[PDB]
Amino acid sequence: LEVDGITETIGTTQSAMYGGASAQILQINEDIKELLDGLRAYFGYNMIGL
Amino acid sequence: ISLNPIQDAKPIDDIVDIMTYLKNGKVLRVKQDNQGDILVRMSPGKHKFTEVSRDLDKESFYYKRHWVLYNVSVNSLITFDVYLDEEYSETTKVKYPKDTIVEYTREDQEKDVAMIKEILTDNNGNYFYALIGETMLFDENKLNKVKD
Amino acid sequence: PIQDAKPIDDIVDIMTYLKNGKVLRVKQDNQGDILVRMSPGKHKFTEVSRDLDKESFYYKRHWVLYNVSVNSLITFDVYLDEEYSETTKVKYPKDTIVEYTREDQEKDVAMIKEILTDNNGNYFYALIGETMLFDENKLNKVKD
Amino acid sequence: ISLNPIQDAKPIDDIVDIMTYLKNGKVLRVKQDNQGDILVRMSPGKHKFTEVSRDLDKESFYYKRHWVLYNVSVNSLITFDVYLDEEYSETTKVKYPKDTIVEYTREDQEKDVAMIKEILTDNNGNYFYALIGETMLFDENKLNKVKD
Amino acid sequence: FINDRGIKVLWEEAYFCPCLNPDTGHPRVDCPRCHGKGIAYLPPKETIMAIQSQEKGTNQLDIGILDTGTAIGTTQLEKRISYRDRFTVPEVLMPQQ
Ligand SMILES: [Zn+2]
């Protein structure tokens, strides 16, 4: 904005290709991938005979 | 084969009753000509003061109305028509409300003026109007409102 | 006893008196006393006047509009103007904090709520949270 | 079933005692109205001067307090309430401290005014208040502080 | 934006006092409405406003020293201001001797 010589300016994380919270979402996914895969080893793979 | 009559929201005209409802804690709804339509409430508990909110809807379990302190003015209440929240609602936004004077076309091809005295809607949403001096009910498309 | 003060409790009564058109008197904290009024005529709106003294041949009250808030009315003390007495000549007014010694000669703080007098002007005070009377000498003003 | 009484930090009122503690080398803690809360110390060793620090915490093995020279003013000590570090702490930030006068609700539905004379907390952290003219102890939510 | 940048201020409108002498067209020296100034004022209204270039211009004269300050203000929407209206900023203090 510009009013009588006063101007207020802002640039944000929102972008045409990424959302505002996409950065945190990306980090969250990164944490989950390590966490989820590590938790899978606690249970192991399934198996059925045939 | 129609829905029962639907009542219009009565604006409260006298200040004394409005304050009386407010003292009891019943919510008011005020329309400001310039800015917005707002709710007014006197604070619960012993810490008494006036509160204002803009969360214009019934207090659903998933819709929590939020309140903030404001110094409401007496003149604001007087000049602006005010309603009780329990009546003012989307349930009826009739084009011509009750007590409205309209010009309606008669069988003799003469346009007479009459007041709406009763309102009800069919299952399809068309509003049926009862008019002074007439027995049957009238339809919205047939009517004309003369302003000024 | 003296009846110099007749505070209004319910705002509904205040509005009712305002509808009747009688002038009010509203106290303020560390600020000048004010009078309030409902305007006559077609348009009804609140008016205020900083003039306290009685209407007279040499003194006329000056009224102007204002957007008064109910919050001041509901909280601050309110009176009918004509019924108000300017002062009650006592050492410690009501709602004034004093230090007093209880019945067991232990000292406690209290605020005053009473107006009693003989026909000579001797005054007595009853403290909030207390029953019996206390004299002008017994009580001691609590400094801010 | 409660914790023993917790003492309030006593502001030091007289200049003479404050200097006496300072000469011994005991640390002071001063609150500045404008800028900050600071510690004050007279330098160890023979090279004597006043020192100021902003490392507001107990001298833990992993928290080394750092000092810098400053020309502390007499008037600063007088006007600003000062404490001894050994008392002023997070151990008690009670809402109503000792010697505070409060308005409390009595059994007879009368609000009387009384001073807090003793303070202790239950294991859950709720502060119990002893009041003049009353035997039992009172809870924070019940109380009201009247200011001015 | 105006509320964000502005400073809280009291606003009172101006109107010519009735005390003006009808013949000389000039006012009484002392009346409650105006204390010698030829213009009265209305009850205060609260508002947020922006101000720039606050200047204390001082003139040293035969009559003495005198202050002629100048400043530029930016207001809110829907507010109509009048000539010789009056603003006062309680928060800001000015030194004098
Ligand atoms: Zn004048």
# chains A, B, ... in the order shown; residues from 1 in each chain; ligands from 1
call {"tool": "residues_near_ligand", "arguments": {"ligand": "ligand 1", "cutoff": "10 Å", "atoms": "only C-alpha atoms and all ligand atoms", "output": "compact mmCIF listing (two decimals) with N, CA, C and O atoms, in the first residue's frame"}}
result
# COMPACT_ATOMS: atom_id res chain seq x y z
N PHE E 16 -19.05 28.09 15.78
CA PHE E 16 -18.98 29.45 16.31
C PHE E 16 -19.85 29.55 17.55
O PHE E 16 -21.00 29.10 17.55
N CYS E 17 -19.31 30.15 18.61
CA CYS E 17 -20.03 30.22 19.87
C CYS E 17 -21.18 31.22 19.76
O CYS E 17 -21.04 32.23 19.07
N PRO E 18 -22.31 30.98 20.43
CA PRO E 18 -23.36 32.01 20.45
C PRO E 18 -22.93 33.31 21.09
O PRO E 18 -23.54 34.35 20.82
N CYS E 19 -21.89 33.29 21.93
CA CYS E 19 -21.50 34.47 22.69
C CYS E 19 -20.98 35.60 21.81
O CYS E 19 -20.70 36.68 22.34
N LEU E 20 -20.83 35.38 20.51
CA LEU E 20 -20.34 36.43 19.62
C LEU E 20 -21.24 37.65 19.71
O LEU E 20 -22.46 37.55 19.57
N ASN E 21 -20.63 38.81 19.95
CA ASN E 21 -21.37 40.05 20.04
C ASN E 21 -21.98 40.38 18.68
O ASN E 21 -21.24 40.48 17.69
N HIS E 26 -17.53 39.93 17.36
CA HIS E 26 -16.39 39.37 18.07
C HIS E 26 -16.82 38.90 19.46
O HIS E 26 -17.82 39.38 20.00
N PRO E 27 -16.08 37.97 20.05
CA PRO E 27 -16.62 37.18 21.16
C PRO E 27 -16.36 37.75 22.54
O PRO E 27 -15.54 38.64 22.75
N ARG E 28 -17.10 37.19 23.50
CA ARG E 28 -16.89 37.48 24.90
C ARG E 28 -15.55 36.92 25.36
O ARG E 28 -15.06 35.93 24.81
N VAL E 29 -14.96 37.56 26.36
CA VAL E 29 -13.60 37.22 26.76
C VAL E 29 -13.57 35.86 27.46
O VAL E 29 -12.60 35.11 27.34
N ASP E 30 -14.61 35.54 28.22
CA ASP E 30 -14.61 34.32 29.02
C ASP E 30 -16.04 33.83 29.17
O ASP E 30 -16.85 34.47 29.85
N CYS E 31 -16.35 32.71 28.54
CA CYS E 31 -17.60 31.99 28.75
C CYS E 31 -17.28 30.51 28.78
O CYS E 31 -16.26 30.08 28.24
N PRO E 32 -18.14 29.69 29.41
CA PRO E 32 -17.81 28.26 29.53
C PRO E 32 -17.58 27.57 28.21
O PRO E 32 -16.69 26.71 28.11
N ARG E 33 -18.35 27.91 27.18
CA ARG E 33 -18.24 27.21 25.90
C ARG E 33 -16.88 27.46 25.26
O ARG E 33 -16.23 26.51 24.80
N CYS E 34 -16.45 28.72 25.20
CA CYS E 34 -15.13 29.06 24.67
C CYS E 34 -14.49 30.05 25.61
O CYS E 34 -15.12 31.04 26.00
N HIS E 35 -13.24 29.79 25.98
CA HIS E 35 -12.53 30.60 26.97
C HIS E 35 -11.78 31.75 26.30
O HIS E 35 -10.56 31.89 26.44
N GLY E 36 -12.52 32.57 25.57
CA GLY E 36 -11.98 33.71 24.87
C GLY E 36 -11.82 33.51 23.38
O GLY E 36 -11.92 34.48 22.62
N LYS E 37 -11.57 32.28 22.94
CA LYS E 37 -11.53 32.01 21.52
C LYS E 37 -12.91 32.22 20.92
O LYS E 37 -13.93 31.99 21.58
N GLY E 38 -12.96 32.66 19.67
CA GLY E 38 -14.23 32.94 19.05
C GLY E 38 -14.99 31.71 18.59
O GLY E 38 -16.05 31.86 17.97
N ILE E 39 -14.47 30.52 18.87
CA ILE E 39 -15.03 29.27 18.36
C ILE E 39 -15.25 28.32 19.52
O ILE E 39 -14.38 28.16 20.38
N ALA E 40 -16.42 27.68 19.54
CA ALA E 40 -16.73 26.64 20.50
C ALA E 40 -16.42 25.27 19.91
O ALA E 40 -16.02 25.15 18.75
N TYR E 41 -16.61 24.24 20.72
CA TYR E 41 -16.33 22.87 20.31
C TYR E 41 -17.39 21.92 20.84
O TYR E 41 -18.07 22.21 21.83
call {"tool": "interface_residues", "arguments": {"of": "chain D", "to": "chain C", "cutoff": "9 Å", "atoms": "only C-alpha atoms", "output": "list in words"}}
result
residues 101, 106, 110, 111, 112, 113, 114, 115, 132, 133 and 148 of chain D
call {"tool": "calpha_fit_and_write", "arguments": {"fixed": "chain B", "moving": "chain D", "output": "short mmCIF file (atom, residue, chain, number, x, y, z; two decimals) with C-alpha atoms, in the first residue's frame"}}
result
data_model
loop_
_atom_site.label_atom_id
_atom_site.label_comp_id
_atom_site.auth_asym_id
_atom_site.auth_seq_id
_atom_site.Cartn_x
_atom_site.Cartn_y
_atom_site.Cartn_z
CA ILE D 1 -51.55 -29.07 0.80
CA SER D 2 -49.29 -26.29 2.09
CA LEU D 3 -47.09 -25.38 5.02
CA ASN D 4 -48.54 -23.58 8.03
CA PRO D 5 -48.21 -19.78 8.22
CA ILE D 6 -44.71 -18.39 8.71
CA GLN D 7 -44.33 -15.43 11.05
CA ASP D 8 -42.39 -12.25 10.33
CA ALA D 9 -39.73 -10.99 12.71
CA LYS D 10 -41.15 -8.13 14.77
CA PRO D 11 -38.77 -5.16 15.20
CA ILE D 12 -38.76 -4.02 18.82
CA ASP D 13 -39.81 -0.38 18.94
CA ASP D 14 -39.64 0.58 22.63
CA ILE D 15 -36.32 0.90 24.46
CA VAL D 16 -37.68 -0.31 27.80
CA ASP D 17 -38.53 -3.82 26.61
CA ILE D 18 -35.20 -4.11 24.79
CA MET D 19 -33.23 -3.35 27.94
CA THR D 20 -35.45 -5.74 29.88
CA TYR D 21 -34.61 -8.58 27.49
CA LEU D 22 -30.96 -7.55 27.65
CA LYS D 23 -30.94 -7.59 31.46
CA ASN D 24 -32.38 -11.11 31.40
CA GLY D 25 -29.56 -12.00 29.01
CA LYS D 26 -31.63 -12.78 25.92
CA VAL D 27 -29.63 -12.06 22.77
CA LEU D 28 -30.46 -9.09 20.54
CA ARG D 29 -29.65 -8.58 16.86
CA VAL D 30 -29.01 -5.06 15.54
CA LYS D 31 -28.65 -3.87 11.96
CA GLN D 32 -26.31 -0.92 11.47
CA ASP D 33 -27.08 1.15 8.37
CA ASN D 34 -23.41 1.81 7.64
CA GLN D 35 -21.32 -1.14 8.78
CA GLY D 36 -22.99 -4.46 9.56
CA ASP D 37 -25.56 -6.66 11.26
CA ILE D 38 -24.47 -7.61 14.78
CA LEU D 39 -25.60 -9.47 17.89
CA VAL D 40 -25.66 -7.86 21.33
CA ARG D 41 -25.44 -9.62 24.69
CA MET D 42 -24.92 -8.65 28.31
CA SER D 43 -22.06 -10.62 29.78
CA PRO D 44 -22.81 -13.78 31.80
CA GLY D 45 -21.57 -14.13 35.33
CA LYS D 46 -21.19 -11.31 37.81
CA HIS D 47 -18.71 -9.31 35.70
CA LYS D 48 -21.38 -7.34 33.90
CA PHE D 49 -20.81 -5.48 30.64
CA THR D 50 -22.13 -5.38 27.08
CA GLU D 51 -20.70 -7.67 24.41
CA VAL D 52 -20.90 -7.67 20.61
CA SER D 53 -20.43 -10.45 18.07
CA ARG D 54 -20.68 -10.89 14.31
CA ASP D 55 -21.17 -14.68 14.29
CA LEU D 56 -24.62 -14.45 12.72
CA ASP D 57 -25.98 -17.98 13.01
CA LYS D 58 -27.62 -20.34 15.46
CA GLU D 59 -25.17 -21.69 18.04
CA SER D 60 -24.49 -25.04 16.41
CA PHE D 61 -22.21 -27.55 18.09
CA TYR D 62 -19.69 -26.83 15.31
CA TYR D 63 -20.33 -23.04 15.28
CA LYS D 64 -19.18 -21.35 18.49
CA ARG D 65 -20.22 -17.72 18.75
CA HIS D 66 -17.41 -15.46 19.97
CA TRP D 67 -17.93 -12.29 22.01
CA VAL D 68 -15.90 -9.13 22.58
CA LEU D 69 -16.51 -6.16 24.85
CA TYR D 70 -17.94 -3.01 23.28
CA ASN D 71 -19.44 0.18 24.68
CA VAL D 72 -22.86 -0.03 23.02
CA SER D 73 -24.65 3.31 22.76
CA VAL D 74 -28.24 4.07 23.71
CA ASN D 75 -28.79 6.11 20.55
CA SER D 76 -27.64 3.14 18.46
CA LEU D 77 -30.45 1.04 19.93
CA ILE D 78 -33.05 3.77 19.41
CA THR D 79 -32.32 4.69 15.80
CA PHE D 80 -31.57 1.20 14.46
CA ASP D 81 -34.39 -1.32 14.29
CA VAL D 82 -33.47 -4.28 16.49
CA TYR D 83 -34.69 -7.88 16.61
CA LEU D 84 -34.55 -10.88 18.90
CA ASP D 85 -32.26 -13.58 17.52
CA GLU D 86 -34.88 -16.29 18.04
CA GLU D 87 -37.08 -14.71 15.33
CA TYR D 88 -34.78 -13.02 12.81
CA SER D 89 -33.56 -15.85 10.60
CA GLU D 90 -33.27 -17.13 7.04
CA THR D 91 -36.47 -19.11 7.67
CA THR D 92 -38.33 -16.21 6.03
CA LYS D 93 -36.94 -13.50 3.75
CA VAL D 94 -40.30 -12.84 2.13
CA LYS D 95 -40.27 -10.18 -0.58
CA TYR D 96 -43.39 -8.44 0.75
CA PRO D 97 -43.67 -8.95 4.54
CA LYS D 98 -46.77 -8.75 6.70
CA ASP D 99 -48.44 -5.35 7.09
CA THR D 100 -46.98 -4.32 3.72
CA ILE D 101 -49.29 -2.39 1.41
CA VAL D 102 -49.28 -3.62 -2.19
CA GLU D 103 -51.12 -3.04 -5.46
CA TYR D 104 -52.81 -6.21 -6.72
CA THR D 105 -54.69 -6.95 -9.93
CA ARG D 106 -58.37 -7.79 -9.46
CA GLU D 107 -60.69 -9.91 -11.60
CA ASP D 108 -62.33 -6.77 -13.04
CA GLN D 109 -59.01 -5.63 -14.58
CA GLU D 110 -58.67 -2.97 -11.88
CA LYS D 111 -55.54 -2.56 -9.75
CA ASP D 112 -56.61 -2.07 -6.13
CA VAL D 113 -54.37 -1.45 -3.11
CA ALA D 114 -54.47 -3.78 -0.11
CA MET D 115 -52.38 -4.82 2.88
CA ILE D 116 -50.90 -8.27 3.46
CA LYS D 117 -52.40 -9.76 6.63
CA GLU D 118 -51.37 -13.43 6.56
CA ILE D 119 -48.48 -15.33 4.98
CA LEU D 120 -48.01 -19.03 4.28
CA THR D 121 -46.04 -21.04 1.74
CA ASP D 122 -46.80 -24.14 -0.28
CA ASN D 123 -44.42 -27.08 -0.26
CA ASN D 124 -42.78 -25.58 -3.37
CA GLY D 125 -41.88 -22.37 -1.51
CA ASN D 126 -44.36 -20.02 -3.20
CA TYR D 127 -45.73 -17.53 -0.67
CA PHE D 128 -49.52 -17.19 -0.41
CA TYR D 129 -50.75 -13.75 0.66
CA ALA D 130 -54.02 -12.85 2.36
CA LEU D 131 -55.25 -9.35 1.57
CA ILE D 132 -57.74 -7.03 3.23
CA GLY D 133 -61.05 -6.96 1.39
CA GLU D 134 -60.31 -10.28 -0.34
CA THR D 135 -61.11 -13.88 0.59
CA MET D 136 -58.76 -16.03 -1.48
CA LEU D 137 -54.96 -15.89 -1.33
CA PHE D 138 -52.67 -14.16 -3.80
CA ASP D 139 -49.34 -15.01 -5.44
CA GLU D 140 -46.11 -13.01 -5.45
CA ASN D 141 -45.89 -12.67 -9.24
CA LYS D 142 -49.38 -11.18 -9.41
CA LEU D 143 -48.58 -8.45 -6.89
CA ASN D 144 -46.94 -5.04 -7.22
CA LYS D 145 -45.45 -2.91 -4.44
CA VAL D 146 -45.78 0.85 -4.86
CA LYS D 147 -42.97 2.70 -3.07
CA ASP D 148 -43.36 6.33 -2.01
#
call {"tool": "select_by_dssp", "arguments": {"residues": "chain C", "states": "alpha helix (DSSP H)", "output": "PDB file with C-alpha atoms, in the first residue's frame"}}
result
ATOM      1  CA  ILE C  11     -30.906  -0.166  34.972  1.00  0.00           C
ATOM      2  CA  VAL C  12     -34.449  -1.034  33.867  1.00  0.00           C
ATOM      3  CA  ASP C  13     -35.716   1.505  36.385  1.00  0.00           C
ATOM      4  CA  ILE C  14     -33.174   4.036  35.095  1.00  0.00           C
ATOM      5  CA  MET C  15     -34.473   3.587  31.556  1.00  0.00           C
ATOM      6  CA  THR C  16     -38.025   3.872  32.878  1.00  0.00           C
ATOM      7  CA  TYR C  17     -37.174   7.150  34.609  1.00  0.00           C
ATOM      8  CA  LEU C  18     -35.435   8.271  31.421  1.00  0.00           C
ATOM      9  CA  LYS C  19     -38.609   7.506  29.480  1.00  0.00           C
ATOM     10  CA  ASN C  20     -40.399   9.660  32.049  1.00  0.00           C
ATOM     11  CA  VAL C  70     -24.804   1.460  29.199  1.00  0.00           C
ATOM     12  CA  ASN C  71     -21.587   0.209  30.809  1.00  0.00           C
ATOM     13  CA  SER C  72     -21.196   3.494  32.676  1.00  0.00           C
ATOM     14  CA  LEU C  73     -24.851   3.421  33.743  1.00  0.00           C
ATOM     15  CA  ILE C  74     -24.879  -0.186  34.931  1.00  0.00           C
ATOM     16  CA  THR C  75     -21.645   0.260  36.917  1.00  0.00           C
TER      17      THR C  75
END
call {"tool": "closest_atom_pairs", "arguments": {"of": "chain A", "to": "chain E", "cutoff": "10 Å", "atoms": "only C-alpha atoms", "output": "JSON lines"}}
result
{"residue": "A:1", "atom": "CA", "partner": "E:1", "partner_atom": "CA", "distance": 8.4}
{"residue": "A:2", "atom": "CA", "partner": "E:1", "partner_atom": "CA", "distance": 9.8}
{"residue": "A:3", "atom": "CA", "partner": "E:74", "partner_atom": "CA", "distance": 8.2}
{"residue": "A:4", "atom": "CA", "partner": "E:74", "partner_atom": "CA", "distance": 7.2}
{"residue": "A:5", "atom": "CA", "partner": "E:52", "partner_atom": "CA", "distance": 9.0}
{"residue": "A:6", "atom": "CA", "partner": "E:5", "partner_atom": "CA", "distance": 8.5}
{"residue": "A:7", "atom": "CA", "partner": "E:1", "partner_atom": "CA", "distance": 9.2}
{"residue": "A:8", "atom": "CA", "partner": "E:1", "partner_atom": "CA", "distance": 7.8}
call {"tool": "write_last_selection", "arguments": {"atoms": "C-alpha atoms", "output": "mmCIF file, in the first residue's frame"}}
result
data_model
loop_
_atom_site.group_PDB
_atom_site.id
_atom_site.type_symbol
_atom_site.label_atom_id
_atom_site.label_comp_id
_atom_site.auth_asym_id
_atom_site.auth_seq_id
_atom_site.Cartn_x
_atom_site.Cartn_y
_atom_site.Cartn_z
ATOM 1 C CA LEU A 1 0.000 0.000 0.000
ATOM 2 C CA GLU A 2 0.965 3.655 -0.339
ATOM 3 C CA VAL A 3 -0.980 6.443 1.376
ATOM 4 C CA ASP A 4 0.283 10.033 1.632
ATOM 5 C CA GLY A 5 3.879 8.812 1.694
ATOM 6 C CA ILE A 6 3.082 5.979 4.126
ATOM 7 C CA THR A 7 3.560 2.531 2.603
ATOM 8 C CA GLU A 8 3.060 -0.954 4.031
#
call {"tool": "interface_residues", "arguments": {"of": "chain C", "to": "chain E", "cutoff": "9 Å", "atoms": "only C-alpha atoms", "output": "PyMOL selection string"}}
result
chain C and resi 64-66
